[PDB]
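Since the structure comes first, as structure tokens, the remarks are kept for the end.
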Amino acid sequence: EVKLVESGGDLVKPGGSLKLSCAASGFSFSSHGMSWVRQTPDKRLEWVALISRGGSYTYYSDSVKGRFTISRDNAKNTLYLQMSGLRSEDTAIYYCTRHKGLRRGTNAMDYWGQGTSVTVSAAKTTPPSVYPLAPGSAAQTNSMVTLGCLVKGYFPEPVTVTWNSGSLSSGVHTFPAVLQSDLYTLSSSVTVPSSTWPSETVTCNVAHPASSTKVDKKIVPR
Amino acid sequence: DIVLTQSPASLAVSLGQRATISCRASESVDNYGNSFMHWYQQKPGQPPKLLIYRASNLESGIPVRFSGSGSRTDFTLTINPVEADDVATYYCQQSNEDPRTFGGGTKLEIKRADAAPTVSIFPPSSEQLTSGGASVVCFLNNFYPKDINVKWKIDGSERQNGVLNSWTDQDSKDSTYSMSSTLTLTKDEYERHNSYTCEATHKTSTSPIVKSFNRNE
């Protein structure tokens with residue numbers, strides 16, 4: 001299988017620097033053009049930089065020219081993006097993309113990594129507080145039951161939430177983060193049948209890379 | 001630098017029906033008979049997926065209900081028949097002239113039957129109470145249509161301060177929406193009152209849906 005795994009994304013201060021990486025595997029790295037593309041928080045997609053199969057030819061968008069540098073090591077199946085002189089504009093999700101290898105002109109990007117997040121801010125990293133949400137003691141059991149998890153007071157984005165380490169995938173809503181007084185908050189709900197809980201165990205898993213946090217909160221009745 | 005304008009900005013279609021969306025280029029994207037216009041699908045929390053390359057051509061792995069036509073400066077993506085799993089933002093891109101550039105995207109939403117929300121209310125966790133905070137959380141799950149209003153009340157009295165709201169994108173299985181609403185206060189203030197209530201008002205019902213939590217039990 002084709003894979004592109006980006007990494008290197010972090011909270012950086014303005015005027016700072018960062019190096020992103022994309023490890024490729026499952027296809028001939030050097031038979032394909034590669035690009036970086038970013039997605040800003042308003043969700044525009046902006047192509048950033050491209051590099052030819054050989055690494056001889058590069059081209060950059062106007063907003064990053066003279067500050068960013070794209071490069072490839074064909075021996076290591078790795079694509080790089082060196083960012084310097086970072087501004088707030090540069091806050092985004094950065095995706096590594098592979099171009100199709102068709103003849104007779106320029107190509108589409110047929111495969112994309114999951115993306116790596118980059119936040120440019122003078123603000124400080126804060127780990128989240130994670131709180132279980134169990135139903136109130138007077139509530140009525142009617143077949144389904146909803147539990148949840150509140151993730152409060154962190155910076156920057158993102159956090160990742162899962163339920164029973166991935167074993168619980170359906171009946172899950174994880175709500176986008178909302179910023180207040182320069183700290184993010186989100187929540188996630190999960191709905192299961194009343195028999196399964198509290199008999200079996202329901203746990204939310206919360207990870208916050210930028211503060212190296214990982215919490216597993218078991219949802220217990222009151 | 002070529003500019004791509006997409007129409008419409010959003011579109012709503014029923015399951016099983018046809019959807020078409022346009023892309024206009026500021027100058028031609030043609031060369032060698034080929035057109036260098038590509039279409040991508042981005043579902044929330046996922047990277048863009050290539051659907052159609054070079055205007056006409058279907059990428060391998062993609063259902064035949066997707067198709068593209070056009071030439072020069074005018075291109076369309078057709079989805080027929082539309083399915084639940086096609087909720088997404090769609091973008092056109094040109095690769096004829098560097099820099100490569102993207103349209104501003106088109107949001108595809110599904111029409112379906114009205115559905116009332118399931119509402120759940122959650123008291124503060126005791127671990128939160130120990131740190132001096134108190135959040136009360138209300139989920140309003142799996143409703144249609146998207147528009148909805150939520151009101152908090154403490155011992156009868158409405159509160160607007162310390163309320164944070166967030167909405168999911170449309171679901172790709174049942175095509176519904178969801179919302180959470182959080183109310184944050186001090187432990188101190190939380191302990192002075194008894195009755196905490198979220199009141200949802202939604203097209204589905206003439207009466208508000210009330211869920212409530214009482215500190216007396």
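Identifiers for the structure tokens are assigned positionally: chains receive A, B, ... in sequence, residues are indexed from 1 per chain, and ligands are indexed from 1 in the order shown.
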Note to self: I want to know what sits within 6 Å of residue 190 of chain A, based on only C-alpha atoms, with residues of the same chain fewer than 6 positions away left out; could you give that as a ChimeraX atom specification?
What the structure shows: /A:146-148,171-172
Note to self: Quick check: residues of chain A within 9 Å of chain B, only C-alpha atoms, returned as a ChimeraX atom specification.
What the structure shows: /A:43-49,59-62,95,104-115,129-139,146-148,150,173-180,185-189
Just C-alpha atoms for this one: save the residues we selected as a PDB file, in the first residue's frame.
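Just written: result-v2.pdb:
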```
ATOM      1  CA  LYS A  43     -10.591  25.803   5.011  1.00  0.00           C
ATOM      2  CA  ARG A  44      -9.096  27.316   1.854  1.00  0.00           C
ATOM      3  CA  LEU A  45      -6.627  24.990   0.180  1.00  0.00           C
ATOM      4  CA  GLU A  46      -3.383  26.632  -0.847  1.00  0.00           C
ATOM      5  CA  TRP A  47      -0.654  24.919  -2.819  1.00  0.00           C
ATOM      6  CA  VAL A  48       2.699  25.856  -1.269  1.00  0.00           C
ATOM      7  CA  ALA A  49       5.638  24.241  -3.096  1.00  0.00           C
ATOM      8  CA  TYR A  59       8.718  26.033  -7.454  1.00  0.00           C
ATOM      9  CA  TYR A  60       7.017  27.949  -4.666  1.00  0.00           C
ATOM     10  CA  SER A  61       3.908  29.963  -4.050  1.00  0.00           C
ATOM     11  CA  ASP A  62       4.390  33.726  -3.697  1.00  0.00           C
ATOM     12  CA  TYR A  95      -0.291  17.854   3.578  1.00  0.00           C
ATOM     13  CA  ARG A 104       1.653  14.632 -21.811  1.00  0.00           C
ATOM     14  CA  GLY A 105       1.625  17.432 -19.205  1.00  0.00           C
ATOM     15  CA  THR A 106       1.096  18.437 -15.555  1.00  0.00           C
ATOM     16  CA  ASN A 107      -0.620  16.235 -13.007  1.00  0.00           C
ATOM     17  CA  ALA A 108      -3.213  15.825 -10.307  1.00  0.00           C
ATOM     18  CA  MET A 109      -2.291  14.855  -6.779  1.00  0.00           C
ATOM     19  CA  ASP A 110      -3.498  11.281  -6.440  1.00  0.00           C
ATOM     20  CA  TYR A 111      -2.452  10.607  -2.873  1.00  0.00           C
ATOM     21  CA  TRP A 112      -2.304  12.704   0.299  1.00  0.00           C
ATOM     22  CA  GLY A 113      -0.937  12.196   3.774  1.00  0.00           C
ATOM     23  CA  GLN A 114      -3.207  12.719   6.782  1.00  0.00           C
ATOM     24  CA  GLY A 115      -1.565  16.046   7.326  1.00  0.00           C
ATOM     25  CA  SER A 129      -8.134  18.863  31.484  1.00  0.00           C
ATOM     26  CA  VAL A 130     -10.303  15.826  30.709  1.00  0.00           C
ATOM     27  CA  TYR A 131     -13.543  15.199  32.502  1.00  0.00           C
ATOM     28  CA  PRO A 132     -15.923  12.255  32.373  1.00  0.00           C
ATOM     29  CA  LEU A 133     -19.570  12.921  31.567  1.00  0.00           C
ATOM     30  CA  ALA A 134     -21.811  10.346  33.240  1.00  0.00           C
ATOM     31  CA  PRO A 135     -25.632  10.662  33.320  1.00  0.00           C
ATOM     32  CA  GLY A 136     -27.250  12.328  36.360  1.00  0.00           C
ATOM     33  CA  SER A 137     -28.464   9.991  39.121  1.00  0.00           C
ATOM     34  CA  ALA A 138     -32.218  10.672  38.550  1.00  0.00           C
ATOM     35  CA  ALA A 139     -32.163   9.963  34.740  1.00  0.00           C
ATOM     36  CA  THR A 146     -25.198   8.536  26.109  1.00  0.00           C
ATOM     37  CA  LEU A 147     -21.850   9.185  27.743  1.00  0.00           C
ATOM     38  CA  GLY A 148     -19.280  11.755  27.001  1.00  0.00           C
ATOM     39  CA  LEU A 150     -15.163  17.094  28.002  1.00  0.00           C
ATOM     40  CA  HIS A 173     -19.846  12.590  17.841  1.00  0.00           C
ATOM     41  CA  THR A 174     -16.750  14.565  18.493  1.00  0.00           C
ATOM     42  CA  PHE A 175     -17.462  18.231  18.255  1.00  0.00           C
ATOM     43  CA  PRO A 176     -15.096  20.779  16.754  1.00  0.00           C
ATOM     44  CA  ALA A 177     -12.989  22.779  19.181  1.00  0.00           C
ATOM     45  CA  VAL A 178     -14.090  26.236  20.201  1.00  0.00           C
ATOM     46  CA  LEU A 179     -11.730  28.971  21.400  1.00  0.00           C
ATOM     47  CA  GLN A 180     -12.469  31.179  24.457  1.00  0.00           C
ATOM     48  CA  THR A 185     -12.443  23.270  24.451  1.00  0.00           C
ATOM     49  CA  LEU A 186     -14.183  20.309  22.872  1.00  0.00           C
ATOM     50  CA  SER A 187     -16.433  17.475  23.747  1.00  0.00           C
ATOM     51  CA  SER A 188     -17.314  14.050  22.511  1.00  0.00           C
ATOM     52  CA  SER A 189     -20.361  11.951  23.040  1.00  0.00           C
TER      53      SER A 189
END
```
Next item on the list: May I have the residues within 7 Å of segment 154-165 of chain A as a PyMOL selection string, using only C-alpha atoms and disregarding those fewer than 3 positions away in the same chain?
Entry: chain A and resi 11+119+125-128+168+183-185+202-208
Check: Per DSSP on the backbone, what are the strand (DSSP E or B) residues of segment 66-168 of chain A, as a VMD selection string?
Finding: chain A and resid 68 to 73 78 to 83 92 to 99 109 to 112 116 to 120 126 129 to 133 142 144 to 155 160 to 163 168
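Near residue 209 of chain B, within a cut-off of 7 Å and counting only C-alpha atoms, sit the residues residues 199, 200 and 201 of chain B, with same-chain residues fewer than 4 positions away left out.
In terms of minimum interatomic distance to residue 113 of chain B, B:144 ranks closest within B:144, B:75, B:90, B:25, counting only C-alpha atoms.
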Next item on the list: May I ask for the distance between atom CA of residue 4 of chain A and atom CA of residue 106 of chain B, given in Å to one decimal place?
Entry: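 Interatomic distance, atom CA of residue 4 of chain A to atom CA of residue 106 of chain B: 26.5 Å.
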Note to self: Give me, as a PyMOL selection string, the residues of segment 5-197 of chain B that a backbone DSSP run labels alpha helix (DSSP H).
What the structure shows: chain B and resi 126-130+187-192
Checklist line | Spatial neighbours of residue 194 of chain A, 6 Å, only C-alpha atoms, chain gap at least 3 places, as number ranges by chain | finding: A: 143-145, 197
Please produce a file of those selected residues containing N, CA, C and O atoms, as a PDB file, in the first residue's frame.
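The file below, again-v5.pdb, is the result:
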```
ATOM      1  N   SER A 143     -33.267   1.907  26.779  1.00  0.00           N
ATOM      2  CA  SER A 143     -32.544   1.212  25.696  1.00  0.00           C
ATOM      3  C   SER A 143     -31.116   1.752  25.432  1.00  0.00           C
ATOM      4  O   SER A 143     -30.137   1.045  25.671  1.00  0.00           O
ATOM      5  N   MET A 144     -31.005   2.980  24.925  1.00  0.00           N
ATOM      6  CA  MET A 144     -29.707   3.595  24.629  1.00  0.00           C
ATOM      7  C   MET A 144     -29.284   4.490  25.775  1.00  0.00           C
ATOM      8  O   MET A 144     -30.130   5.054  26.456  1.00  0.00           O
ATOM      9  N   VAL A 145     -27.977   4.618  25.984  1.00  0.00           N
ATOM     10  CA  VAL A 145     -27.443   5.571  26.953  1.00  0.00           C
ATOM     11  C   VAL A 145     -26.284   6.376  26.351  1.00  0.00           C
ATOM     12  O   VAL A 145     -25.470   5.843  25.600  1.00  0.00           O
ATOM     13  N   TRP A 197     -23.393  -0.895  29.387  1.00  0.00           N
ATOM     14  CA  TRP A 197     -22.789  -0.005  30.380  1.00  0.00           C
ATOM     15  C   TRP A 197     -23.791   0.226  31.502  1.00  0.00           C
ATOM     16  O   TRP A 197     -24.946   0.531  31.214  1.00  0.00           O
TER      17      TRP A 197
END
```
Note to self: If I take atom CA of residue 18 of chain B and atom CA of residue 145 of chain B, how far is one from the other in Å, to one decimal?
What the structure shows: 20.4 Å
Next item on the list: Determine, counting only C-alpha atoms, which protein, DNA and RNA residues have an atom within 8 Å of an atom of residue 74 of chain B; residues of the same chain fewer than 3 positions away are not included. Present the result as a PyMOL selection string.
Entry: chain B and resi 22-25+70-71
Next item on the list: Would you mind reading off the distance between atom CA of residue 172 of chain B and atom CA of residue 5 of chain B, one decimal, in Å?
Entry: 26.3 Å
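By chain and then residue number, the residues within 9 Å of residue 198 of chain A are residues 219, 220 and 221 of chain A, counting only C-alpha atoms and disregarding those fewer than 5 positions away in sequence.
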